[PDB]
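**Q** Let me begin by handing over the structure; questions about it come next.
FYI the Cβ positions are ideal-geometry reconstructions off the backbone, even for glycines, and counts take in every protein chain you see. Each value in this text was obtained by applying a stated rule to the coordinates, not by laboratory testing.
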Amino acid sequence: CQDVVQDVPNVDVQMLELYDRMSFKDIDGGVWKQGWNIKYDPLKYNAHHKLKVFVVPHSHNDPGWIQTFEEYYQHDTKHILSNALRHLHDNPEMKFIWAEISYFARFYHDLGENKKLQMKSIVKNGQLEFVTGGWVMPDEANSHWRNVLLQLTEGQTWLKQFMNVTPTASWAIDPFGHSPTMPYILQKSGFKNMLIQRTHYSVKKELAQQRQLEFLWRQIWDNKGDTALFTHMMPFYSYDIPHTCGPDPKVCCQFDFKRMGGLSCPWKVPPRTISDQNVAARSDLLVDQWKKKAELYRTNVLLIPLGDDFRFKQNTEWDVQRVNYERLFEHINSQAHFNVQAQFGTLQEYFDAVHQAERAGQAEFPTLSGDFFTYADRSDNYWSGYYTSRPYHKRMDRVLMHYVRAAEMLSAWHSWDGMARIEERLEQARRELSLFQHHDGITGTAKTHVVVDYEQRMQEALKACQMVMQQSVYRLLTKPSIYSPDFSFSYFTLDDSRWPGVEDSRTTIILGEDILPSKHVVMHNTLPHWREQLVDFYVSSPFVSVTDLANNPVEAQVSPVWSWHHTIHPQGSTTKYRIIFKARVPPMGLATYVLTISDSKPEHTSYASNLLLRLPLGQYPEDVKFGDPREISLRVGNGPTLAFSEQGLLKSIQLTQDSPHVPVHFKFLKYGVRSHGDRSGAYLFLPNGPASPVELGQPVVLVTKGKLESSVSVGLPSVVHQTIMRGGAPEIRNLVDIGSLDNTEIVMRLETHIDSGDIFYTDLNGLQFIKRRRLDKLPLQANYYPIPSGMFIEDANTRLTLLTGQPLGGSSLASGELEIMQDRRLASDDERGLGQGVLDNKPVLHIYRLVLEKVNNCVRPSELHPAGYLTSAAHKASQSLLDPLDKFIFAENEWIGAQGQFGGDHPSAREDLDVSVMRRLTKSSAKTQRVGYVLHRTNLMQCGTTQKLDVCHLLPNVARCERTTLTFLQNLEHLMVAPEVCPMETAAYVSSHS
Ligand SMILES: OC[C@@H]1NCCC[C@H]1O
Ligand SMILES: [Zn+2]
C-alpha cells in the first residue's frame, strides 16, 4: 500500500498550485471571447501528416429539468431514439453517441422484437455507441460517491444485460464543474478515457495555452499514478455546435444545418446548404476552424462533437446534418491541399486514434491532480448557488442513500421467493435514487413541478426500502422453525427521528398494564463493526423500562416531546414522551430490546429536567422550571463541556476537565441579491457583499438536561437551532423555514481563534478531503465550494470539523471561520434557461456533528500535500450522520419466534473499513447464488491510539470468489479469501454459493 500522507505526488498540473499562479483576468480574446486568436503554421500539415477529424453526433437528453422524465420522453427523447434507430439502420456510415441509460431502457423495453434486434445490430457494428452508460449524467458537486457508483452500476448492468456492451469512455458535457471522484470510480470500473466540458473559462485558457487540455487525471494522494485516467477537457464555452467546430462561433454556427428556417445564429450569418458552387469556400472556412482547434491539442486527431439539447428529434434534422456534412467530407478528403481525413466517428474511435498517436511517440501527455470547482462560465458568474438550491431534496438524497444500502444489505442474507417482490422493490428504489443524481436533480436546478416528480419518486423509493427492510428483519430474527411470512404484511414500522424530522409523522408506542404492557424494538447496524448509539422512541407513558430479550435491564432516560409554534415558543406533549437508551448492535447485525410500562418510576430510567429561559407535561414526573435569559454550561458523560450565550448559541467547548474553554461561536447571517447587474438564481451565487447578522430579537431558549442526553434549543427567526449532547462531539439540528424572506440566503458561521489563515478543507462526494485556499483576488462566491459531507480548518494545535447529513455550499471567508448555507429564496432567474427563481422553499431539518480536536500529536500530511484526512472521531461522526442505526417497532401485540440478536459472529472490522455495498446479484431461480460487496477503506490521521473481514466467507457454502470492477460486471482477479484493501482504495468482490 502507498503512503498517502508523507509522499506528495509529482504532477505537471496541481489545481490548487495552478489557482495560486493564475490571475483569472477576464480579457476580451476576440472571436474566442475567453481565449486568444489561434494561429497555426499551415506547413504543419502535408500528405504524410494529415489532420484526422472525427465528427461525433450526439443529443443532450436531461432526465428532468424544464419537463419531467416522462414529459421529455413523450415530447422529445422517444422521437430522437426512433429516428436514431431508423436513420443509423438506413445509413451505415452515420454514427451517434448516447449517455443517459434511463431514457434508453425506457425506450428499448417498448420496442417490438424486430426493432430490438435492429437496435442490437447498430450497437454491435459500432454505429450507436454508449458513452459512460450511467442511468444519468450525474451532478459531480452534491452527489455522494456511493450514489455515483449506484447510478453507473444501474446503467451498465442494464447495458450488459440487454446489449452485451460495457462503455470504457465517459461523456460528461453538462455537470456544473467536475470532481476527481469520477475518474476514481470510472478507472476502478474498467474505463480507459473520459471527457469533461464545464470548467472555469480562465482554466480552459490557461491549460489551452500549454496544450494541457488532455491529461492523465490522478487522485491528489496518488504518488504511483495507478488511479490515472486519460481526460479530454473541451476548450470552449459550450458543447453546442457554435462552440465545438473551432474558436469562432460565428463561423461554427454556419455548420449547424438545423439552424436554416425555427432556430437562427445569434451572430446573424446563417448556415447555407452545401452545393458544388460553394463546397470549396465552406470547406476552407470549416477546415480553418478545425485546424485552429487542433493547435490546442498534442496529436493530429481532432474531436468535433456535433449536437445540442434534444437534437436529432426530426427525421429531416438527421438528413440535413448527415448530407451537408457528407458533401463537406467528400470534398475535403478528395482535395489533397487540405491534408485532412474527415468522417463521422464515435468517442471511443477518437480516444483509440489518440492513444495510437501516443504509442507512435507522436505525443506525451501531462499528469494532473485536483478538481474543477467552483465553475464560472463568464465574468464573475460562479455556479456556487446549486451547492444549496432546494436543500430539502438534498437532505432527502442522503436519507434514501442509507435506506437503499440498508434494504439491499438486510435482504442480501437470504434468497427470496419472487412472490415477495424484493427484486421489484429494490430496482424501483435504486432507479429513483439513480435518477435524482442527474445534474438537474440533487442540484435543485429543475422547475417546481419536476422537483415535485423527483420528491414523489424518492418517497415511493423510501416506502419500497421500508417494506424490504421490515420483511428482512422479521425473517432474520424469527426462529426458522416458526418463520411463515405473509409477504404483504407490515411486521415492523420504521421509526426515524431525523427524516422528515418538519412533519408530525412518528408513531407513539401505546403501552398500558391492561391494553398492551410491552413492545419489541429492533436496531439494525449497516456498518461492519460493533456500534453503541443512543436510540429514542415515542411512548404513551413516562414510566417505561428497557431490557434486552434476556431481561438484562438497560439504563434509559425519558424526555418530554417538544414542538415549536409561531414570536416562536416551545409547547410540550401531555400524551407522549421520548424513551432514550444505548443500543449495542453487532457488525452488519440486529439487536432486539423491550419497552415495558409500570405503575411508577422504574429502577433504571432517569427523567430529564427542563428549563425554559425567556407548560404542563401530563404524567412527566419533573415540572418545567422557568428563568430569565442567561449563559448556560452543560456536560454529558466524560465528553466535552459546552457553554452557550443567552440566545442559546454555542460560545465555547472545553474538551476535558483540565483543558481550556476554546471559543467557538455559532452565528446566523444573511446574504442579499444585487439590485443592479447579475441576479443570483438556482445556479449562480451573486451576493451584494459580505453577509450581515440576523436580528435574533428576544428568543425563547429551551434547556433539557439528562444523564444520557441534554440539548439547548432556540426559536430564531427562520431557524429552530438545537445543540444535542450525548457524551462526545455534539449534534447540531437546524429546522430551516426561510418562509417569505425573498432575495435571502441564510448562512450558519462558526468563529474560532484557530490560526487557519487562507487554508480550509472540504470533501468531494464524501470520498476525500481537498485543500482549499481562499483567494482575495476572486469574488466571494468563488471561495464557496461544495460541502457534500464535511469541512474543516486547523493550525499546528487545533482542528475544528463540521460534518453534514446533507450537501450544502460553504467556505472559510476568514482565519478561524467556517460557514455553510442553510437555504436560499430568489425572486429572479439567473438566465441559464431554468426560466424561474427559487420560491418553492419548504421546512428542512439539517443535521451536523461538531468535532473540536487537538492535532499536535497527529501525523499531518506535508504542508505541500493537496489532501487532508479526518481523525477517527470525525470519521465516526460522519458515519453516525449518513448511516445511523435503523429502528423497527414490531407492529403486532405478540412476536413468537423472537430472537435477541443477528450477526454476533460477524467480524468487527477496523474503523477505517466500510462495506459500502452488499447486494445479492441473483434471483432464487439461479443454480449458483452470487453476492456483490463494495469495500472502501478511508485514510484516518494517526494520533497515537478488530478481526479480519473476508466478505467471500460472510455467506455459507462459498464455491468461488473474485475481485471485480465496482459495477460487479467484470472479473479482475480469481482468488477464496478477499485480500484487505489499501488506505483510500475501493475494491469490489463477488462471492458465488453452491
Ligand atoms: O441540464 C439542463 C441545463 N443545461 C444547460 C446548463 C444548465 C442545466 O440545468
Ligand atoms: Zn443537462
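**Q** For the stretch 154-199, state the semi-axes of the equivalent ellipsoid (square roots of 5 times the eigenvalues of the alpha-carbon gyration tensor), sorted largest first and rounded to whole angstrom.
**A** Details: eigenvalues 94, 27, 15 Å².
Semi-axes, largest first: 22, 12, 9 Å.
**Q** For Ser264 paired with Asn893, estimate the spin-label separation in nm (one decimal), with each label point 7 Å from Cα along the Cα-to-Cβ line.
**A** Once both label points are built, they end up 7.9 nm from each other.
**Q** Shifting gears a bit: What share of all Cα pairs of the stretch 1-379, in percent, falls into each consecutive 20 Å distance bin?
**A** For the stretch 1-379, the binned pair fractions read 28, 60, 12, 0 percent.
**Q** Subtract the Cα-Cα distance of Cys943 and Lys923 from 0.36 nm times their separation in residues, and report this length gain in nm to one decimal.
**A** So the chain would gain 2.6 nm between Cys943 and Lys923.
**Q** Can you give me the Rg/Rh ratio for the stretch 262-389, using Cα atoms for both radii and the Kirkwood formula for Rh?
**A** Values: Rg = 18.7 Å, Rh = 18.2 Å.
Rg/Rh for the stretch 262-389 comes to 1.03.
**Q** Which order, highest average first, do 710-721, 826-837 follow once you tally other Cβ atoms within 10 Å for each residue and take the mean per peptide?
**A** Output ranking for 710-721, 826-837: 710-721, 826-837.
**Q** Let me know the volume per residue of the alpha-carbon convex hull for the stretch 519-601, in Å³.
**A** Per-residue hull volume (Cα only) is 113 Å³.
**Q** Let me check the size of the chain from its C-alpha atoms; what are the radius of gyration and Dmax in Å?
**A** 29.5, 101
**Q** Determine the gain in length on full extension of the stretch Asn278-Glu364; use 0.36 nm per residue of separation and subtract their C-alpha separation, reporting nm with one decimal.
**A** 27.0 nm
**Q** Would you mind putting 184-192, 509-517, 781-789, 906-914 in packing order, based on average other-beta-carbon counts within 10 Å, highest first?
**A** Values: 184-192: 22.1, 509-517: 13.3, 781-789: 25.2, 906-914: 18.1.
Highest-to-lowest ranking by the protection proxy: 781-789, 184-192, 906-914, 509-517.
**Q** Further question: What's the local net charge at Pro247, with K and R +1, D and E -1, over the other residues with C-beta under 15 Å away? Walk me through the numbers on the way to the answer.
**A** Numbers: positive: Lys33, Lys39, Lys204, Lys205, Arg211, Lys250, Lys291, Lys292, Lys293; negative: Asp28, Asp240, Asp248, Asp288, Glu295.
In short, +4.
**Q** Turning to a different aspect of this structure: To make sure I understand the rule: partners must be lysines, Cα under 17 Å from the Cα of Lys854, and not fewer than 8 residues away in the same chain. Which ones qualify?
**A** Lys876
**Q** Then there's this: Please sort 622-630, 70-78 by packing, taking for each peptide the average over its residues of neighbouring beta carbons within 10 angstrom, highest first.
**A** On the way: 622-630: 12.2, 70-78: 17.0.
Ranking, from highest mean packing down: 70-78, 622-630.
**Q** Then there's this: Average projected area of the Cα convex hull of the stretch 609-883, in nm²?
**A** Working: hull surface 66.3 nm².
Value for the stretch 609-883: 16.6 nm².
**Q** Report, please, the projected area of the stretch 34-82 averaged over directions, based on the convex hull of its C-alpha atoms, in nm². Let's see the in-between values first.
**A** Values: hull surface 28.2 nm².
Value for the stretch 34-82: 7.1 nm².
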